[PDB]
>>> print(open('input_39.pdb').read())   # PDB, C-alpha atoms and all ligand atoms
ATOM      1  CA  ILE A   1      98.985 105.678 118.656
ATOM      2  CA  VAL A   2      98.119 109.422 118.732
ATOM      3  CA  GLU A   3      94.524 110.561 118.093
ATOM      4  CA  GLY A   4      93.223 107.021 117.630
ATOM      5  CA  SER A   5      90.470 105.127 119.386
ATOM      6  CA  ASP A   6      90.071 101.908 121.318
ATOM      7  CA  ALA A   7      90.050  98.833 119.119
ATOM      8  CA  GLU A   8      86.991  96.605 119.026
ATOM      9  CA  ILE A   9      87.383  93.068 120.335
ATOM     10  CA  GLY A  10      88.809  90.904 117.565
ATOM     11  CA  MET A  11      89.333  93.894 115.272
ATOM     12  CA  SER A  12      93.025  93.116 114.620
ATOM     13  CA  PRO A  13      93.433  89.403 115.426
ATOM     14  CA  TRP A  14      96.834  89.398 113.730
ATOM     15  CA  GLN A  15      98.226  91.995 116.170
ATOM     16  CA  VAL A  16     101.219  90.749 118.159
ATOM     17  CA  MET A  17     103.028  92.320 121.115
ATOM     18  CA  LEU A  18     106.795  91.920 121.328
ATOM     19  CA  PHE A  19     107.544  91.584 125.039
ATOM     20  CA  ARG A  20     110.895  91.765 126.837
ATOM     21  CA  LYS A  21     111.296  89.011 129.435
ATOM     22  CA  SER A  22     113.374  90.943 131.941
ATOM     23  CA  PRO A  23     112.501  93.626 132.750
ATOM     24  CA  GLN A  24     108.966  92.729 131.609
ATOM     25  CA  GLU A  25     107.906  95.479 129.213
ATOM     26  CA  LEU A  26     106.433  96.199 125.792
ATOM     27  CA  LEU A  27     109.080  96.523 123.099
ATOM     28  CA  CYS A  28     107.165  96.768 119.849
ATOM     29  CA  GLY A  29     104.220  95.628 117.806
ATOM     30  CA  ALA A  30     104.305  92.800 115.300
ATOM     31  CA  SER A  31     101.893  90.748 113.199
ATOM     32  CA  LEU A  32     100.851  87.130 112.727
ATOM     33  CA  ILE A  33     101.234  85.885 109.144
ATOM     34  CA  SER A  34     100.798  82.141 109.725
ATOM     35  CA  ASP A  35     100.578  79.747 112.653
ATOM     36  CA  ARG A  36     104.360  79.899 113.216
ATOM     37  CA  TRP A  37     105.600  83.180 111.714
ATOM     38  CA  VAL A  38     105.481  86.731 113.054
ATOM     39  CA  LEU A  39     106.481  89.844 111.109
ATOM     40  CA  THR A  40     108.032  92.947 112.741
ATOM     41  CA  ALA A  41     110.483  95.820 112.117
ATOM     42  CA  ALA A  42     114.175  94.969 112.175
ATOM     43  CA  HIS A  43     114.887  97.973 114.405
ATOM     44  CA  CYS A  44     112.728  96.376 117.118
ATOM     45  CA  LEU A  45     115.412  93.691 117.357
ATOM     46  CA  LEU A  46     118.631  95.350 116.148
ATOM     47  CA  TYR A  47     119.626  98.997 116.528
ATOM     48  CA  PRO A  48     123.315  99.399 117.450
ATOM     49  CA  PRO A  49     123.037 103.163 118.098
ATOM     50  CA  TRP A  50     120.960 102.243 121.170
ATOM     51  CA  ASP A  51     122.988  99.132 122.082
ATOM     52  CA  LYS A  52     119.993  97.009 121.009
ATOM     53  CA  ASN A  53     120.687  93.482 119.711
ATOM     54  CA  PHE A  54     118.172  91.045 121.107
ATOM     55  CA  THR A  55     118.529  87.286 120.951
ATOM     56  CA  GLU A  56     115.628  84.827 120.803
ATOM     57  CA  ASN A  57     115.828  83.976 124.511
ATOM     58  CA  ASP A  58     115.428  87.634 125.476
ATOM     59  CA  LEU A  59     111.918  87.921 124.050
ATOM     60  CA  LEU A  60     108.379  86.579 123.978
ATOM     61  CA  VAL A  61     105.473  87.314 121.675
ATOM     62  CA  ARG A  62     101.967  87.740 123.062
ATOM     63  CA  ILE A  63      99.150  87.047 120.574
ATOM     64  CA  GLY A  64      95.424  87.684 120.852
ATOM     65  CA  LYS A  65      95.750  90.657 123.186
ATOM     66  CA  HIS A  66      93.519  93.688 123.734
ATOM     67  CA  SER A  67      94.578  95.074 127.126
ATOM     68  CA  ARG A  68      98.106  96.506 127.112
ATOM     69  CA  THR A  69      99.130  95.521 130.622
ATOM     70  CA  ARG A  70      96.847  92.689 131.750
ATOM     71  CA  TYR A  71      97.555  88.982 131.424
ATOM     72  CA  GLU A  72      94.456  88.049 129.417
ATOM     73  CA  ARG A  73      93.861  84.595 130.721
ATOM     74  CA  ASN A  74      92.095  82.138 128.379
ATOM     75  CA  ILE A  75      92.426  84.639 125.485
ATOM     76  CA  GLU A  76      96.011  85.608 124.773
ATOM     77  CA  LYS A  77      98.683  83.087 123.907
ATOM     78  CA  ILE A  78     102.358  83.545 124.729
ATOM     79  CA  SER A  79     104.970  82.030 122.421
ATOM     80  CA  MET A  80     108.724  81.637 122.640
ATOM     81  CA  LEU A  81     110.936  82.384 119.662
ATOM     82  CA  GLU A  82     112.813  79.700 117.779
ATOM     83  CA  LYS A  83     114.739  82.006 115.460
ATOM     84  CA  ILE A  84     115.019  85.675 114.440
ATOM     85  CA  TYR A  85     115.757  86.613 110.804
ATOM     86  CA  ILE A  86     116.668  90.193 109.901
ATOM     87  CA  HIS A  87     116.856  91.399 106.342
ATOM     88  CA  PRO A  88     120.554  91.192 105.360
ATOM     89  CA  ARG A  89     120.441  94.644 103.796
ATOM     90  CA  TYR A  90     118.600  96.341 106.675
ATOM     91  CA  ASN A  91     120.221  99.789 106.909
ATOM     92  CA  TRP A  92     120.400 100.773 110.555
ATOM     93  CA  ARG A  93     123.291 103.149 109.833
ATOM     94  CA  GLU A  94     121.373 105.694 107.724
ATOM     95  CA  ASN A  95     117.618 105.524 107.248
ATOM     96  CA  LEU A  96     116.190 102.126 108.342
ATOM     97  CA  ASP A  97     115.947 100.983 104.718
ATOM     98  CA  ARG A  98     114.533  97.456 104.555
ATOM     99  CA  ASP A  99     113.252  97.650 108.133
ATOM    100  CA  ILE A 100     111.861  94.113 108.326
ATOM    101  CA  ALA A 101     112.367  90.985 110.394
ATOM    102  CA  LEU A 102     110.692  87.624 110.794
ATOM    103  CA  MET A 103     110.378  85.582 114.015
ATOM    104  CA  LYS A 104     109.675  81.857 113.864
ATOM    105  CA  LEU A 105     107.795  80.530 116.876
ATOM    106  CA  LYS A 106     108.919  77.444 118.743
ATOM    107  CA  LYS A 107     105.428  75.905 118.468
ATOM    108  CA  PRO A 108     102.451  76.804 116.257
ATOM    109  CA  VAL A 109      99.820  79.026 117.832
ATOM    110  CA  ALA A 110      96.204  77.902 117.839
ATOM    111  CA  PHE A 111      93.860  80.211 115.969
ATOM    112  CA  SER A 112      90.731  81.529 117.707
ATOM    113  CA  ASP A 113      88.241  84.385 117.568
ATOM    114  CA  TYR A 114      91.131  86.583 118.798
ATOM    115  CA  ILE A 115      94.070  85.056 116.868
ATOM    116  CA  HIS A 116      94.086  84.903 113.056
ATOM    117  CA  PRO A 117      96.702  85.735 110.392
ATOM    118  CA  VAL A 118      96.733  88.705 108.057
ATOM    119  CA  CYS A 119      97.402  88.304 104.350
ATOM    120  CA  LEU A 120     100.540  89.534 102.609
ATOM    121  CA  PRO A 121      99.968  91.438  99.368
ATOM    122  CA  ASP A 122     100.494  90.171  95.875
ATOM    123  CA  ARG A 123     101.814  92.563  93.215
ATOM    124  CA  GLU A 124      98.348  93.433  91.908
ATOM    125  CA  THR A 125      96.815  94.202  95.290
ATOM    126  CA  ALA A 126      99.820  96.370  96.119
ATOM    127  CA  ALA A 127      99.650  98.226  92.811
ATOM    128  CA  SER A 128      95.920  98.812  93.183
ATOM    129  CA  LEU A 129      95.838  99.906  96.816
ATOM    130  CA  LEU A 130      99.160 101.719  97.447
ATOM    131  CA  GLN A 131      97.945 105.029  96.039
ATOM    132  CA  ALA A 132      98.027 108.511  97.554
ATOM    133  CA  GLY A 133      94.825 109.260  99.394
ATOM    134  CA  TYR A 134      93.924 105.617  99.977
ATOM    135  CA  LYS A 135      93.690 104.883 103.686
ATOM    136  CA  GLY A 136      95.130 102.088 105.769
ATOM    137  CA  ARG A 137      94.879 101.218 109.425
ATOM    138  CA  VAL A 138      97.589 101.270 112.082
ATOM    139  CA  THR A 139      97.229  99.536 115.459
ATOM    140  CA  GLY A 140      99.372  99.415 118.557
ATOM    141  CA  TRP A 141      99.864  99.858 122.281
ATOM    142  CA  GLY A 142     102.363 102.726 121.992
ATOM    143  CA  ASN A 143     102.205 106.138 123.549
ATOM    144  CA  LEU A 144      99.194 108.374 123.077
ATOM    145  CA  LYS A 145     101.236 111.547 122.582
ATOM    146  CA  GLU A 146     104.818 112.467 121.815
ATOM    147  CA  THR A 147     105.360 114.115 125.210
ATOM    148  CA  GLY A 155     100.223 108.968 128.086
ATOM    149  CA  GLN A 156      99.784 105.220 127.640
ATOM    150  CA  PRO A 157      96.689 103.267 126.609
ATOM    151  CA  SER A 158      94.609 100.782 128.563
ATOM    152  CA  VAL A 159      93.810  98.775 125.402
ATOM    153  CA  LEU A 160      94.927  98.440 121.793
ATOM    154  CA  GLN A 161      94.528 101.637 119.785
ATOM    155  CA  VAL A 162      93.561 102.036 116.128
ATOM    156  CA  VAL A 163      93.832 104.913 113.648
ATOM    157  CA  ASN A 164      93.081 105.109 109.917
ATOM    158  CA  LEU A 165      95.526 107.219 107.880
ATOM    159  CA  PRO A 166      95.899 108.126 104.191
ATOM    160  CA  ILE A 167      98.917 107.222 102.114
ATOM    161  CA  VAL A 168     100.793 110.367 101.074
ATOM    162  CA  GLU A 169     102.231 111.341  97.700
ATOM    163  CA  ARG A 170     105.898 110.413  97.481
ATOM    164  CA  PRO A 171     107.144 113.970  96.785
ATOM    165  CA  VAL A 172     105.357 115.226  99.913
ATOM    166  CA  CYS A 173     106.898 112.399 101.951
ATOM    167  CA  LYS A 174     110.356 113.312 100.656
ATOM    168  CA  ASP A 175     109.901 117.060 101.172
ATOM    169  CA  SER A 176     108.829 116.546 104.820
ATOM    170  CA  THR A 177     112.221 115.290 106.005
ATOM    171  CA  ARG A 178     115.965 115.464 105.533
ATOM    172  CA  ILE A 179     116.273 111.658 105.725
ATOM    173  CA  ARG A 180     116.887 109.859 102.428
ATOM    174  CA  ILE A 181     113.615 108.062 101.541
ATOM    175  CA  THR A 182     113.826 104.839  99.518
ATOM    176  CA  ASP A 183     111.443 102.783  97.376
ATOM    177  CA  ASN A 184     111.251 100.344 100.318
ATOM    178  CA  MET A 185     109.317 102.925 102.327
ATOM    179  CA  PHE A 186     106.036 104.763 102.031
ATOM    180  CA  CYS A 187     104.576 107.469 104.259
ATOM    181  CA  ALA A 188     101.102 108.086 105.634
ATOM    182  CA  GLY A 189      99.233 110.686 107.658
ATOM    183  CA  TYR A 190      97.061 113.756 107.253
ATOM    184  CA  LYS A 191      98.410 117.047 105.966
ATOM    185  CA  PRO A 192      98.181 120.187 108.127
ATOM    186  CA  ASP A 193      95.314 121.590 106.047
ATOM    187  CA  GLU A 194      93.285 118.359 106.225
ATOM    188  CA  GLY A 195      92.216 118.942 109.845
ATOM    189  CA  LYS A 196      92.093 115.304 110.939
ATOM    190  CA  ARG A 197      95.173 113.998 112.756
ATOM    191  CA  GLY A 198      96.802 110.773 113.893
ATOM    192  CA  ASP A 199     100.072 108.865 113.888
ATOM    193  CA  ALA A 200     102.001 106.006 115.377
ATOM    194  CA  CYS A 201     104.256 106.752 118.367
ATOM    195  CA  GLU A 202     106.820 105.103 120.633
ATOM    196  CA  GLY A 203     105.926 101.455 121.183
ATOM    197  CA  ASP A 204     103.920 101.092 117.955
ATOM    198  CA  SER A 205     106.842 100.343 115.687
ATOM    199  CA  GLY A 206     106.935  96.892 114.174
ATOM    200  CA  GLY A 207     103.142  96.716 114.055
ATOM    201  CA  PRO A 208     101.037  96.522 110.918
ATOM    202  CA  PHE A 209      99.632  99.031 108.421
ATOM    203  CA  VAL A 210      96.711  97.126 106.900
ATOM    204  CA  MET A 211      94.221  97.734 104.107
ATOM    205  CA  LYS A 212      90.967  95.896 103.385
ATOM    206  CA  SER A 213      90.879  94.871  99.753
ATOM    207  CA  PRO A 214      87.610  95.964  98.101
ATOM    208  CA  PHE A 215      88.083  93.154  95.551
ATOM    209  CA  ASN A 216      88.044  90.167  97.928
ATOM    210  CA  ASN A 217      87.177  91.724 101.300
ATOM    211  CA  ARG A 218      90.375  90.441 102.949
ATOM    212  CA  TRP A 219      92.852  92.386 105.068
ATOM    213  CA  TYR A 220      96.367  92.772 103.706
ATOM    214  CA  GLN A 221      99.453  94.045 105.507
ATOM    215  CA  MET A 222     100.921  96.680 103.238
ATOM    216  CA  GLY A 223     103.310  98.276 105.721
ATOM    217  CA  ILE A 224     105.254  97.871 108.944
ATOM    218  CA  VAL A 225     105.384 100.814 111.367
ATOM    219  CA  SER A 226     109.007 101.917 110.840
ATOM    220  CA  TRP A 227     109.946 105.466 111.887
ATOM    221  CA  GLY A 228     108.862 109.052 112.335
ATOM    222  CA  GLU A 229     110.244 112.334 113.582
ATOM    223  CA  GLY A 230     108.145 112.988 116.630
ATOM    224  CA  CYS A 231     104.550 111.822 116.784
ATOM    225  CA  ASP A 232     101.621 113.516 115.044
ATOM    226  CA  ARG A 233     103.560 116.691 114.230
ATOM    227  CA  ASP A 234     102.117 119.026 111.617
ATOM    228  CA  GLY A 235     103.933 118.594 108.321
ATOM    229  CA  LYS A 236     105.556 115.317 109.348
ATOM    230  CA  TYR A 237     104.436 111.850 108.307
ATOM    231  CA  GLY A 238     104.956 108.348 109.574
ATOM    232  CA  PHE A 239     107.172 106.050 107.506
ATOM    233  CA  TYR A 240     106.330 102.397 106.855
ATOM    234  CA  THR A 241     108.283  99.472 105.433
ATOM    235  CA  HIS A 242     106.901  98.582 101.984
ATOM    236  CA  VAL A 243     106.028  94.927 102.612
ATOM    237  CA  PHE A 244     105.394  93.972  98.989
ATOM    238  CA  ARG A 245     108.786  95.322  97.891
ATOM    239  CA  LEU A 246     110.457  92.903 100.357
ATOM    240  CA  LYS A 247     108.231  89.919  99.579
ATOM    241  CA  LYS A 248     110.991  87.947  97.818
ATOM    242  CA  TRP A 249     113.054  87.951 101.011
ATOM    243  CA  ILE A 250     110.025  86.990 103.136
ATOM    244  CA  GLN A 251     109.290  84.074 100.815
ATOM    245  CA  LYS A 252     112.924  82.943 100.762
ATOM    246  CA  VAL A 253     113.034  82.851 104.553
ATOM    247  CA  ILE A 254     109.782  80.958 104.966
ATOM    248  CA  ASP A 255     110.681  78.519 102.177
ATOM    249  CA  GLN A 256     114.157  77.771 103.571
ATOM    250  CA  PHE A 257     113.235  77.688 107.250
TER     251      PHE A 257
ATOM    252  CA  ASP B   2     103.395  98.323 135.108
ATOM    253  CA  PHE B   3     102.522  94.979 133.508
ATOM    254  CA  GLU B   4     100.715  92.139 135.229
ATOM    255  CA  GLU B   5     103.083  89.235 135.852
ATOM    256  CA  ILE B   6     102.783  86.525 133.224
ATOM    257  CA  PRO B   7     102.733  82.823 134.192
ATOM    258  CA  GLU B   8     106.142  81.444 135.141
ATOM    259  CA  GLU B   9     105.866  78.684 132.521
ATOM    260  CA  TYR B  10     106.618  81.249 129.851
ATOM    261  CA  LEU B  11     109.796  82.500 131.536
TER     262      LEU B  11
ATOM    263  CA  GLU C   6      97.144  81.348 104.366
ATOM    264  CA  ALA C   7      94.009  80.186 102.535
ATOM    265  CA  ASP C   8      91.870  81.862 105.231
ATOM    266  CA  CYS C   9      94.137  84.865 105.820
ATOM    267  CA  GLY C  10      92.703  88.281 106.416
ATOM    268  CA  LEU C  11      89.153  87.200 107.281
ATOM    269  CA  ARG C  12      88.439  88.004 110.920
ATOM    270  CA  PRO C  13      86.363  85.532 112.952
ATOM    271  CA  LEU C  14      84.385  88.279 114.690
ATOM    272  CA  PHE C  15      83.845  90.405 111.543
ATOM    273  CA  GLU C  16      84.163  89.077 107.987
ATOM    274  CA  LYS C  17      83.385  85.481 108.982
ATOM    275  CA  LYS C  18      80.079  86.643 110.516
ATOM    276  CA  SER C  19      79.379  89.391 107.964
ATOM    277  CA  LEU C  20      79.764  92.023 110.687
ATOM    278  CA  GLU C  21      81.492  95.314 109.934
ATOM    279  CA  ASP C  22      83.731  97.175 112.331
ATOM    280  CA  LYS C  23      82.987 100.775 113.218
ATOM    281  CA  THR C  24      85.481 102.440 110.855
ATOM    282  CA  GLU C  25      86.303 100.068 107.978
ATOM    283  CA  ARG C  26      83.910 102.003 105.758
ATOM    284  CA  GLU C  27      86.297 104.983 106.022
ATOM    285  CA  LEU C  28      88.892 102.852 104.268
ATOM    286  CA  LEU C  29      86.505 101.670 101.532
ATOM    287  CA  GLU C  30      85.342 105.222 100.844
ATOM    288  CA  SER C  31      88.967 106.282 100.223
ATOM    289  CA  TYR C  32      89.512 103.621  97.516
ATOM    290  CA  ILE C  33      88.371 105.812  94.637
TER     291      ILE C  33
HETATM  292  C1  LIG A 301     123.943  91.329 116.862
HETATM  293  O1  LIG A 301     124.138  90.262 117.784
HETATM  294  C2  LIG A 301     124.374  89.007 117.131
HETATM  295  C3  LIG A 301     124.384  87.950 118.207
HETATM  296  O2  LIG A 301     125.143  88.377 119.328
HETATM  297  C4  LIG A 301     125.685  89.088 116.356
HETATM  298  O3  LIG A 301     125.914  87.844 115.702
HETATM  299  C5  LIG A 301     125.612  90.227 115.346
HETATM  300  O4  LIG A 301     126.866  90.414 114.702
HETATM  301  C6  LIG A 301     125.215  91.534 116.036
HETATM  302  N1  LIG A 301     125.043  92.593 115.054
HETATM  303  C7  LIG A 301     125.546  93.825 115.200
HETATM  304  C8  LIG A 301     125.276  94.783 114.075
HETATM  305  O5  LIG A 301     126.172  94.161 116.201
HETATM  306  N1  LIG A 302     122.906 106.429 113.302
HETATM  307  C1  LIG A 302     121.641 106.083 112.637
HETATM  308  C2  LIG A 302     120.853 107.350 112.399
HETATM  309  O1  LIG A 302     121.315 108.437 112.696
HETATM  310  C3  LIG A 302     119.479 107.231 111.845
HETATM  311  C4  LIG A 302     118.692 108.370 111.712
HETATM  312  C5  LIG A 302     117.408 108.285 111.207
HETATM  313  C6  LIG A 302     116.928 107.060 110.815
HETATM  314 BR1  LIG A 302     115.193 106.942 110.077
HETATM  315  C7  LIG A 302     117.683 105.912 110.935
HETATM  316  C8  LIG A 302     118.957 106.000 111.463
HETATM  317  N1  LIG A 303     109.435 108.687 117.614
HETATM  318  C1  LIG A 303     108.076 108.472 117.116
HETATM  319  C2  LIG A 303     107.916 107.005 116.772
HETATM  320  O1  LIG A 303     108.412 106.144 117.481
HETATM  321  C3  LIG A 303     107.323 106.660 115.454
HETATM  322  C4  LIG A 303     107.529 105.388 114.936
HETATM  323  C5  LIG A 303     106.919 104.999 113.767
HETATM  324  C6  LIG A 303     106.085 105.887 113.117
HETATM  325 BR1  LIG A 303     105.227 105.334 111.512
HETATM  326  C7  LIG A 303     105.837 107.145 113.613
HETATM  327  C8  LIG A 303     106.473 107.535 114.780
HETATM  328 NA    NA A 304     113.736 116.077 101.825
HETATM  329 NA    NA A 305     101.723 114.788 110.893
END
>>> encode(input="input_39.pdb", output="structure tokens")
Amino acid sequence: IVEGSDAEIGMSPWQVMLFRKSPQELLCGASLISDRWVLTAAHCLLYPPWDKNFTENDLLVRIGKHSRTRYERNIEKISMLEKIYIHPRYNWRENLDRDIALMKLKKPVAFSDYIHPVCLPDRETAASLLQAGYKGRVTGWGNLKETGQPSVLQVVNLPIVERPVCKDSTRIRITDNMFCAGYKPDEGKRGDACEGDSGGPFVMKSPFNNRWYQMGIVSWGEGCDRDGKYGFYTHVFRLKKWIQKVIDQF
Amino acid sequence: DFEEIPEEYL
Amino acid sequence: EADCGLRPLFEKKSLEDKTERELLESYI
């Protein structure tokens, strides 16, 4: 995260770290949506241009964390993966359309002060809150600048951007399964996700029921925190039917 | 860079 | 799911984090 700040303890208890077993390293963020399901970006698991195609046994998820590098004894919980599910129409060839994956854990995780699931949006919450100018929150352990790494989880609040501005910022084909967020050059304030943050959550706190909802998944950007560029997020609500089908079947 | 995790998880 | 999105160290105690008000103020 660029131009963010240190998270408070327990500020994002749904935040998950995707961790490679060997070599041991951070791969991506992710989020806890129930005691046995974790949501991330499909490109964190499958990206053939980079020879990336992880299997369950290659990976662990670490839940309840604050420090990036420490083993947080008696606080974090480490879970093995039972099964990975990637959206069948994830478009890794062109633009990361439908950049979403689910990971089922081998055993349920126990909730705690540090471990608690985020809500997924219903149609009405999405329609009400996914409006230009409305801010969400992005969290992660990724790099602090494009060209460096944080001691603890970072957090930044960013406004959703008007769809024409998102489209006019890039040559990539933008789809209805994406939204973009970030400040404009004239707004002064700054901030963005960066390498290592992808797959983590873009959340909003509903003013109707005072619950946190995951509206986006950190998906892609061109650089980090560049003027006139914006970060792109998977539109979680638009893909809810697939999420539900997976959880119902499996 | 990362602190070793317990062997039980590997 | 019934308890989703309510943080033990914040909403469940009626404590606010340092920047959530920035989000609320944007929901015009
Ligand atoms: C990714 O790897 C899995 C398991 O090896 C394989 O079944 C699948 O076809 C691969 N996908 C691509 C796009 O290479
Ligand atoms: N070969 C895939 C490719 O060039 C690509 C470029 C930009 C995004 Br966003 C996603 C994929
Ligand atoms: N290359 C920069 C990067 O990894 C990135 C990923 C997701 C967002 Br949103 C913004 C930037
Ligand atoms: Na364009
Ligand atoms: Na920018």
>>> resolve_selection(input="input_39.pdb", expression="the PyMOL selection byres (((not hetatm)) within 8 of (chain A and resi 301))", output="list in words")
residues 46, 47, 48, 53, 54 and 55 of chain A
>>> write_last_selection(input="input_39.pdb", atoms="C-alpha atoms", output="mmCIF file, keeping the file's coordinate frame")
data_model
loop_
_atom_site.group_PDB
_atom_site.id
_atom_site.type_symbol
_atom_site.label_atom_id
_atom_site.label_comp_id
_atom_site.auth_asym_id
_atom_site.auth_seq_id
_atom_site.Cartn_x
_atom_site.Cartn_y
_atom_site.Cartn_z
ATOM 1 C CA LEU A 46 118.631 95.350 116.148
ATOM 2 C CA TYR A 47 119.626 98.997 116.528
ATOM 3 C CA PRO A 48 123.315 99.399 117.450
ATOM 4 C CA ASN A 53 120.687 93.482 119.711
ATOM 5 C CA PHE A 54 118.172 91.045 121.107
ATOM 6 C CA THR A 55 118.529 87.286 120.951
#
>>> residues_near_point(input="input_39.pdb", point="(91.3, 93.2, 108.0)", cutoff="10 Å", atoms="all atoms listed in the file", output="list in words")
residues 11, 12, 13, 14, 117, 118, 119, 136, 137, 210, 211, 212, 213, 217, 218, 219, 220 and 221 of chain A; 9, 10, 11, 12, 15, 16, 22 and 25 of chain C
>>> atom_distance(input="input_39.pdb", atom1="atom CA of residue 231 of chain A", atom2="atom NA of ligand NA 305 (chain A)")
7.2 Å
>>> interface_residues(input="input_39.pdb", of="chain B", to="chain A", cutoff="8 Å", atoms="all atoms listed in the file", output="list in words")
residues 2, 3, 4, 5, 6, 10 and 11 of chain B
>>> atom_distance(input="input_39.pdb", atom1="atom CA of residue 198 of chain A", atom2="atom CA of residue 156 of chain A")
15.1 Å
>>> resolve_selection(input="input_39.pdb", expression="the PyMOL selection byres (((not hetatm)) within 10 of (chain A and resi 302))", output="list in words")
residues 43, 47, 48, 49, 50, 91, 92, 93, 94, 95, 96, 97, 99, 177, 178, 179, 180, 181, 226, 227, 228, 229 and 239 of chain A
>>> closest_residue(input="input_39.pdb", among="A:27, A:120, A:168, A:38", to="chain C", atoms="all atoms listed in the file")
A:120
>>> residues_near_ligand(input="input_39.pdb", ligand="ligand NA 305 (chain A)", cutoff="7 Å", atoms="all atoms listed in the file", output="MDAnalysis selection string")
chainID A and resid 189:191 197 199 232:237
>>> write_last_selection(input="input_39.pdb", atoms="C-alpha atoms", output="short mmCIF file (atom, residue, chain, number, x, y, z; two decimals), in the coordinates of the input")
data_model
loop_
_atom_site.label_atom_id
_atom_site.label_comp_id
_atom_site.auth_asym_id
_atom_site.auth_seq_id
_atom_site.Cartn_x
_atom_site.Cartn_y
_atom_site.Cartn_z
CA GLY A 189 99.23 110.69 107.66
CA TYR A 190 97.06 113.76 107.25
CA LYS A 191 98.41 117.05 105.97
CA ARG A 197 95.17 114.00 112.76
CA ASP A 199 100.07 108.86 113.89
CA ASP A 232 101.62 113.52 115.04
CA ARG A 233 103.56 116.69 114.23
CA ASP A 234 102.12 119.03 111.62
CA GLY A 235 103.93 118.59 108.32
CA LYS A 236 105.56 115.32 109.35
CA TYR A 237 104.44 111.85 108.31
#
>>> resolve_selection(input="input_39.pdb", expression="the PyMOL selection byres (((chain C and resi 32) around 9) and not hetatm)", output="ChimeraX atom specification")
/A:129,131,133-135,214 /C:28-31,33
>>> write_last_selection(input="input_39.pdb", atoms="C-alpha atoms", output="compact mmCIF listing (two decimals), in the frame of the given file")
# COMPACT_ATOMS: atom_id res chain seq x y z
CA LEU A 129 95.84 99.91 96.82
CA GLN A 131 97.94 105.03 96.04
CA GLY A 133 94.82 109.26 99.39
CA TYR A 134 93.92 105.62 99.98
CA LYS A 135 93.69 104.88 103.69
CA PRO A 214 87.61 95.96 98.10
CA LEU C 28 88.89 102.85 104.27
CA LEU C 29 86.50 101.67 101.53
CA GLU C 30 85.34 105.22 100.84
CA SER C 31 88.97 106.28 100.22
CA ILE C 33 88.37 105.81 94.64
>>> axis_aligned_box(input="input_39.pdb", around="ligand LIG 303 (chain A)", padding_each_side="5 Å", output="JSON")
{"center_x": 107.3, "center_y": 106.8, "center_z": 114.6, "size_x": 14.2, "size_y": 13.7, "size_z": 16.1}
>>> atom_distance(input="input_39.pdb", atom1="atom CA of residue 240 of chain A", atom2="atom CA of residue 106 of chain A")
27.8 Å
>>> closest_residue(input="input_39.pdb", among="A:35, A:122, A:169, A:194", to="chain C", atoms="only C-alpha atoms")
A:35
>>> closest_residue(input="input_39.pdb", among="A:67, A:216, A:184, A:34", to="chain C", atoms="all atoms listed in the file")
A:34
>>> decode(input="input_39.pdb", residues="segment 28-43 of chain A", atoms="C-alpha atoms", output="PDB file, in the first residue's frame")
ATOM      1  CA  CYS A  28      -1.083 -11.929  -2.060  1.00  0.00           C
ATOM      2  CA  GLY A  29      -3.818 -10.701   0.210  1.00  0.00           C
ATOM      3  CA  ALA A  30      -7.168 -12.394   0.656  1.00  0.00           C
ATOM      4  CA  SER A  31     -10.224 -12.173   2.904  1.00  0.00           C
ATOM      5  CA  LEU A  32     -12.184 -14.352   5.314  1.00  0.00           C
ATOM      6  CA  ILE A  33     -15.871 -14.695   4.410  1.00  0.00           C
ATOM      7  CA  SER A  34     -16.828 -17.565   6.733  1.00  0.00           C
ATOM      8  CA  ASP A  35     -15.097 -20.045   9.013  1.00  0.00           C
ATOM      9  CA  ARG A  36     -13.964 -22.171   6.039  1.00  0.00           C
ATOM     10  CA  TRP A  37     -13.905 -19.897   2.976  1.00  0.00           C
ATOM     11  CA  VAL A  38     -11.350 -17.331   1.832  1.00  0.00           C
ATOM     12  CA  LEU A  39     -11.795 -14.950  -1.102  1.00  0.00           C
ATOM     13  CA  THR A  40      -8.896 -13.743  -3.301  1.00  0.00           C
ATOM     14  CA  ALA A  41      -8.010 -12.679  -6.869  1.00  0.00           C
ATOM     15  CA  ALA A  42      -7.733 -15.430  -9.461  1.00  0.00           C
ATOM     16  CA  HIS A  43      -4.451 -13.977 -10.731  1.00  0.00           C
TER      17      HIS A  43
END
